[PDB]
Amino acid sequence: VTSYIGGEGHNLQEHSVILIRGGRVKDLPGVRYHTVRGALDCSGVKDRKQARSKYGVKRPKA
Amino acid sequence: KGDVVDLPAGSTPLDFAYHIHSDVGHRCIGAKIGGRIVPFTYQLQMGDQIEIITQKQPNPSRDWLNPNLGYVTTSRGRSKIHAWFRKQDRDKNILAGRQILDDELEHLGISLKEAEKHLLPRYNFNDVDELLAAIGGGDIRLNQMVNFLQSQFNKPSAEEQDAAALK
Amino acid sequence: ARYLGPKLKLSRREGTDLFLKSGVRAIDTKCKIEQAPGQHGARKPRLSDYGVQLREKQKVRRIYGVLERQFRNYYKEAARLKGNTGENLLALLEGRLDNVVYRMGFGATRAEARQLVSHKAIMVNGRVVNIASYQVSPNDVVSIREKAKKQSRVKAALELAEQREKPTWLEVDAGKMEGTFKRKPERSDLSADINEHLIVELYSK
Amino acid sequence: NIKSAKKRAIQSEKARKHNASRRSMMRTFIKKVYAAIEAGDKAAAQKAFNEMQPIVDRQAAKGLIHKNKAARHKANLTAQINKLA
RNA sequence: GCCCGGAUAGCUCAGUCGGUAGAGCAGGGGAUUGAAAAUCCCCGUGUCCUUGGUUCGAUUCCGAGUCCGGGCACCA
RNA sequence: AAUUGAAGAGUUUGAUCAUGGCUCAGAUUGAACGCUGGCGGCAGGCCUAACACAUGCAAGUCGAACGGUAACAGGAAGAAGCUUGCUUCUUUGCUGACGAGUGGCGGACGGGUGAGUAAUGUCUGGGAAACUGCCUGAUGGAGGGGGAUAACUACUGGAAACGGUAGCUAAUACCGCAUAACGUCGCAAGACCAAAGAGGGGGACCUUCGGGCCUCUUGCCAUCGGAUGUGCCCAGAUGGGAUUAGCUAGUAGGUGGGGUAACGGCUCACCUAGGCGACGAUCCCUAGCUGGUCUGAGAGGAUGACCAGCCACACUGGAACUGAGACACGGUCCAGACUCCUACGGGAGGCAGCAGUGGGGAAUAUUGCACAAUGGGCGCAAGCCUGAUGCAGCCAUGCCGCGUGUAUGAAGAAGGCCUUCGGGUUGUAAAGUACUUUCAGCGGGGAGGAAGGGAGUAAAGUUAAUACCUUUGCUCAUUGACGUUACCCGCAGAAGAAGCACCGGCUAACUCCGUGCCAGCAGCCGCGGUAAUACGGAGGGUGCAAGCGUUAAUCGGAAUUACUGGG
């Protein structure tokens, strides 16, 4: 099944297993599950000081 | 059995089985140490006794942990793992590419054996099986290969077409 | 656990005063009350209906400092208990030990009175009680053990809390630093400008 | 399994021999009785009954057979040797 | 572990014989409109993995290590 | 005294009112995921592969049933180092007790899982054709013999597992005879059937001088009882599908033979030709059931994880044995697949017991401690076993509580941010000051969970007897895994302790800047095409708080399946 990739700059390359969560896109026809960005192979977005839980980025502190 | 062996820190007992032999690690199914059984995740320490146990052929010591990097380190056998993995999958995929490649053989250069001749001295080409083992596996990247079949030169008019291209 | 932040700010948002800087100084200018909780706060807001019911729930829990979760508990307990659920609610919130302490005024505020109960400095019937959310039964004689007793702050705090319009549903030796609780407050004697039903209906949603 | 209760197996198994042994006895006498019924030798069929009577009752007492069962055999069988007349 | 092939600017890719790296497709700018489309006008994109040696010439030669992909052993 | 209980909003349109779907607000969870992370208490934790599994442990107990004694501690008795009593080597079951063996009990309990089962199940309520170890009421008996066999010897097969043959010996093992009944069968007369001894004490007396004998507690046999457990039977209820309508020949019933603890096609022979089915049979799919849990005002709707009752399975298929009871989770036998030992002939095994491993997965822990408490097995008891259970570790997984300072404090500081660039805001927040020190970290204290049980002792009961033993009081020594406990006392020091979602409407909360139908957001409406409050950062705000969101899932709103309650 097709899957949306959330946020800025994904890093996935063809293979790489990733966790999948729910939520239709309501924009793309026939697409249904968001790739759990920040989990497993899908590295979180680069630079996300705000709302980082979604997008998998951790504390900006580092 | 009487054979110590250095292993980079952070190493997992699974690496250890691969170190001795890939299949020892491939079909591997758990190992004890010091008379106590431990999970694959436990890192190896100071030259402790090994009490590994094996099985048959199926390998997945990290099929569900390889990329995860959740304890099953050192590129050693895992390198060998992708090998194994590909080997099987690629075999059936040989079959897929098999058919595909054949039609493309008769697509541009026409005829299987003719096109296979041009691939005889090809890219570390190996046996005719490796050919489809490559394309069927996708590790040869096409189109380049296609044009290579029709790498024919002539210019008995195309030389002036190269003039018409300039015109 | 506890908001533990710019306490005067909460009074700015909710409305007027929240007794968070009691006594010595009323919300005297160097408080910037009115409306200006934040930057744009000074500007005119409309506050749609839900917002009103909200602010009431917020203001109230702010006064008692209680967090929403445990506050919800207070609501449910107020529900099963007979009659004016809105009233039983206020009876429960007002009967809080640390709240009973602020009622005896040992703590200048409800907050100071809270750490107070948390320091095991206070007891009831001679039994040291460390629970901030301790609920007080009728006819209790909450005291102040000698080791933590007579510590300047508390007594000056008592003369301070005298400025209020005096609690009336309890008892106290004040000078002897020894609270007591008669019956739970009658709805009539407890602010009474702090609408409550707005909260009952709030959770009714 | 290897757990001192295999003895139970052995012990119980040994009992099987003896138990079945004596059980065989009971049923065979009864057979001759039913066999005696085909014959019509009511007097000696009765004799056969008189032979099983102590044997069946005894086994009932030994616990190899629930008493009520003995009551059954003697009952209906006696009914048969009466009707055989 | 050892031996050998593959990274040619965004995608696909071109030459990769010591030679001064080219396009296909796309992509952006322009005129056009509220922005596009259609129409019309115009171009571009490089460390040839990285490193350093022989170097006018190296990007292919040289070994190193990176990642890709193959081959064989190592059976505690 | 024993429920006081019900919210709507967005979205079709140029605009409306209907109709009406989609979507949101709420509570919920065995949850996972991101981010983050102080403590404690009480809970929960393999939902997928009923997939396979290394190690340990999870079921033994009784010497007061028995032959015995291989160990061990002693005694008694002796070659004897001979400090003539410091103890070396030795024989003997003589006692404390005790491997292996017989035997009684147990192992059918406890504990796990939910595959199967759509009814051989369960729940609810009825019933007659039943059995019931251990416990317990009453009535009686407990007489007299025989043959064995295991262990143990000798030889011997096999690498092992496991036996083979000859001998010897015991008993609460087994068999017989006798002896019977308010027991069985039987119209009755009649016929017929049971078992077993131990351990403590002991005066008189008899002692083939082991003892009989008196007594005592228990054990033993039978019958009628009671309690408990279990099997059975009928009615009603107990999922979906009619794009499943016909189904069945032990099938429906009778007769008789047999069979079970027991009625019965429960099983056979013979005769009848029926029985079930639209109130859904049969067939198909799915599923353990319920008390309950979740939600909901209510009626309902979903589910039945922890806990508790029942049912079914115990590597897959199946059969039976022993016993009161199993058609047996850690029993047997056969088959099968799979693992492992091998000397290739043959053998061994079953974590859905506790922990633990691999694997599957989005995902769920420690091969921890102890018998002290409850309860269980056995033994008269003391006791031993007890992964039941009690506790402990783990993980925010939930519910709950507390803490992360408190009061004060305007130059309304700095720095950050907006500015209509005066200023505003951050914000009494910080600093400072003075304050208290929960719980972390430290030092000393200190319950309860402990009731019994033990030895002595007194009396009472029994009795020929201050005997022995039982029952009941006093006496000291005692009996805690958790556990460097709970809790308290004292210690120094603000010190060791805050995140996450969101701010266009729905819905609490705004601006600046960056980007320009792009990059990105979204649950719905929709935002972004060079001035975005909606994208990314910032400041400020709102929410919530050791949690916050995301997703999944149920119900709710939904009176969109309406019985309450529509058309």
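Protein chains in written order, with the deposited numbering: chain 16, 62 to 123; chain 33, 412 to 578; chain 8, 1 to 205; chain 24, 2 to 86.
Even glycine gets a Cβ: it sits at the ideal position worked out from N, Cα and C.
Residue of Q74 (chain 16), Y65 (chain 16), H95 (chain 16) and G117 (chain 16) minimising C-alpha distance to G83 (chain 16): Counted from its first residue, the first sequence places residue 83 (chain 16) at position 22. Among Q74 (chain 16), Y65 (chain 16), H95 (chain 16) and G117 (chain 16), the Cα nearest to that of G83 (chain 16) is on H95 (chain 16).
inquiry  = Give me the subset of the segment 94-123 of chain 16 whose CB atoms are less than 8 angstroms from a CB atom of chain 33, sorted by chain position.
reply    = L101 and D102
message: Counting only Cβ pairs nearer than 8 angstroms, list the residues of chain 33 close to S64 (chain 16).
response: Position 3 of the first sequence, counted from the start, is the residue given in the question as residue 64 (chain 16). Result: empty, since nearest Cβ-Cβ is about 18 angstroms, beyond 8 angstroms.
**Request:** Could you say if the segment 422-429 of chain 33 and the segment 472-489 of chain 33 meet the contact criterion of at least three C-beta pairs nearer than 8 angstroms?
**Result:** yes
For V172 (chain 8), the three-state DSSP class (helix, strand or coil):
Taking the first residue of the third sequence as 1, we reach residue 172 (chain 8) at position 172. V172 (chain 8): strand per DSSP, three-state reduction.
With which residues is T96 (chain 16) paired in a DSSP beta bridge? Mapped onto the first sequence, residue 96 (chain 16) falls at position 35. DSSP output for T96 (chain 16) lists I81 (chain 16) as bridge partner(s).
Using alpha carbons as the reference points, say which of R110 (chain 8), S143 (chain 8) and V172 (chain 8) lies closest to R2 (chain 8). Here residue 2 (chain 8) refers to the residue found at position 2 when the third sequence is read from its first residue. Ranking the options by Cα distance to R2 (chain 8), first place goes to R110 (chain 8).
Rounded distance between the beta-carbons of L65 (chain 24) and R23 (chain 24), thought under 8 angstroms: Taking the fourth sequence and counting its residues from 1, the one referred to as residue 23 (chain 24) is at position 22. Taking the fourth sequence and counting its residues from 1, the one referred to as residue 65 (chain 24) is at position 64. Contact flag correct, Cβ pair sits at about 6 angstroms.
Q. Roughly how many whole angstroms lie between the Cα atoms of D500 (chain 33) and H529 (chain 33)?
A. Locating residue 500 (chain 33) in the second sequence gives position 89, where the first residue counts as 1. Locating residue 529 (chain 33) in the second sequence gives position 118, where the first residue counts as 1. Near 27 angstroms, if we compare the C-alpha coordinates of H529 (chain 33) and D500 (chain 33).
task: Within 10 angstroms of the Cβ of residue 360 (chain 33), are there 16 or more other Cβ atoms? Answer buried if so, exposed if not.
output: For chain 33, the structure presents residues 412 to 578; residue 360 (chain 33) sits outside this window and is missing.
Check your understanding: Which of the three DSSP states, helix, strand or coil, is assigned to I144 (chain 8)?
Key -> Along the third sequence, one-based indexing puts residue 144 (chain 8) at 144. Strand at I144 (chain 8).
### Task
Name the residue from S562 (chain 33), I492 (chain 33) and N558 (chain 33) whose alpha carbon lies nearest to the alpha carbon of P469 (chain 33).
Position 58 of the second sequence holds residue 469 (chain 33). Nearest option by C-alpha distance: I492 (chain 33).
*Could you please give me the residues that DSSP links to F181 (chain 8) through a beta bridge?*
As a first step, residue 181 (chain 8) is located in the third sequence; it is residue number 181 there, counting from the start. Paired residue(s): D140 (chain 8).
query: By DSSP, does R164 (chain 8) sit in helix, in strand, or in coil?
result: One-based indexing of the third sequence puts residue 164 (chain 8) at position 164. Correct three-state label for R164 (chain 8): coil.
Ordered along the chain, which non-local residues of its own chain (more than five positions away) have a Cβ less than 7 angstroms from that of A121 (chain 8)?
The residue you call residue 121 (chain 8) lines up with position 121 of the third sequence. Within the same chain, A121 (chain 8) has close Cβ partners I144, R145 and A148.
- Task: Can you tell me which of the three DSSP states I505 (chain 33) falls into?
- Result: Taking the first residue of the second sequence as 1, we reach residue 505 (chain 33) at position 94. The answer is helix: DSSP assigns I505 (chain 33) an H, G or I state.
(message) Using only CA atoms, which one of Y50 (chain 8), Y74 (chain 8) and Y203 (chain 8) lies nearest to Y134 (chain 8)?
(response) As a working note, residue 134 (chain 8) is residue 134 in the third sequence. Proximity to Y134 (chain 8) across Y50 (chain 8), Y74 (chain 8) and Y203 (chain 8) peaks at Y74 (chain 8), based on C-alpha coordinates.
Let's see if you can read the secondary structure: which residues bound the alpha helix (DSSP H) around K57 (chain 8)? Translated into positions along the third sequence, residue 57 (chain 8) becomes position 57. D49 to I63 is the span of the alpha helix (DSSP H), which, as asked, contains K57 (chain 8).
Exercise for the section: Below 8 angstroms on the Cβ atoms is my guess for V100 (chain 8) versus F19 (chain 8); work out the distance and round it to an integer in Å. Expected result: Sequence index remark: in the third sequence, residue 100 (chain 8) carries index 100 (1-based). Sequence index remark: in the third sequence, residue 19 (chain 8) carries index 19 (1-based). About 15 angstroms; that fails the 8 angstroms criterion.
* To do: Return the CA-CA distance between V118 (chain 16) and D102 (chain 16), expressed in angstroms with no decimal places.
  => As a working note, residue 118 (chain 16) is residue 57 in the first sequence. As a working note, residue 102 (chain 16) is residue 41 in the first sequence. Whole-angstrom Cα-Cα distance: 13 angstroms.
Any C-beta of chain 16 within less than 8 angstroms: which residues of the segment 473-485 of chain 33 qualify?
Within the segment 473-485 of chain 33, the residues whose Cβ lies closer than 8 angstroms to some Cβ of chain 16 are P478 and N479, listed in chain order.
- Message: On the CB-based measure, 16 or more other CB atoms within 10 Å of its CB, does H74 (chain 24) come out buried or exposed?
- Response: The sequence position of residue 74 (chain 24) within the fourth sequence is 73, counting from 1. So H74 (chain 24) counts as buried.
Check your understanding: Quick one: is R46 (chain 8) buried, meaning 16 or more other Cβ sit within 10 Å of its Cβ, or exposed?
Key -> Within the third sequence, numbered from 1, the residue matching residue 46 (chain 8) stands at position 46. Exposed: under 16 other Cβ atoms inside 10 Å.
Buried versus exposed call for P138 (chain 8) [16 or more other C-beta atoms within 10 Å across all chains shown]: As a first step, residue 138 (chain 8) must be located in the third sequence, where it is residue number 138. Flag for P138 (chain 8) reads exposed.
- Taking all protein chains shown into account, decide if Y35 (chain 24) is buried (16 or more other Cβ within 10 angstroms of its Cβ) or exposed. On the fourth sequence, residue 35 (chain 24) is found 34 positions in, with the first residue counted as 1. Under this definition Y35 (chain 24) is an exposed residue.
When the Cα atoms are used, what is the spatial distance from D550 (chain 33) to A428 (chain 33)?
Stepping through the second sequence from its first residue, residue 550 (chain 33) is reached at position 139. Stepping through the second sequence from its first residue, residue 428 (chain 33) is reached at position 17. Using only the alpha carbons, I get a separation of about 29 angstroms.
* To do: State the Cα-Cα distance for the pair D173 (chain 8) and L202 (chain 8), rounded to the nearest angstrom.
  => The count along the third sequence starts at 1 and reaches residue 173 (chain 8) at position 173. The count along the third sequence starts at 1 and reaches residue 202 (chain 8) at position 202. About 39 angstroms.
_For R103 (chain 8) and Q151 (chain 8), what's the separation of their Cα atoms in angstroms?_
Position 103 of the third sequence, counting from 1, holds the residue named residue 103 (chain 8). Position 151 of the third sequence, counting from 1, holds the residue named residue 151 (chain 8). Roughly 18 angstroms separates the two Cα atoms.
*Between the segment 68-87 of chain 16 and chain 33, which residues of the former have CB atoms less than 9 angstroms from a CB of the latter, in chain order?*
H76, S77 and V78
Cα-Cα, which of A61 (chain 24), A45 (chain 24) and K63 (chain 24) is closest to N83 (chain 24)? Mapped onto the fourth sequence, residue 83 (chain 24) falls at position 82. Closest by C-alpha distance to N83 (chain 24), out of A61 (chain 24), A45 (chain 24) and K63 (chain 24), is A45 (chain 24).
Quick test of the definition: if touching needs 3 or more C-beta pairs under 8 angstroms, does the segment 40-58 of chain 8 touch the segment 182-200 of chain 8?
yes
What is the residue span of the beta strand (DSSP E) that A442 (chain 33) lies within? The residue labelled residue 442 (chain 33) in the question sits at position 31 within the second sequence. Run containing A442 (chain 33): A442 to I444, per the beta strand (DSSP E) assignment.
Can you tell which of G105 (chain 8), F106 (chain 8), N130 (chain 8) and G126 (chain 8) has the C-alpha that lies nearest to the C-alpha of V117 (chain 8)? Your numbering for residue 117 (chain 8) matches position 117 in the third sequence. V117 (chain 8) has its Cα closest to that of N130 (chain 8), out of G105 (chain 8), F106 (chain 8), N130 (chain 8) and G126 (chain 8).
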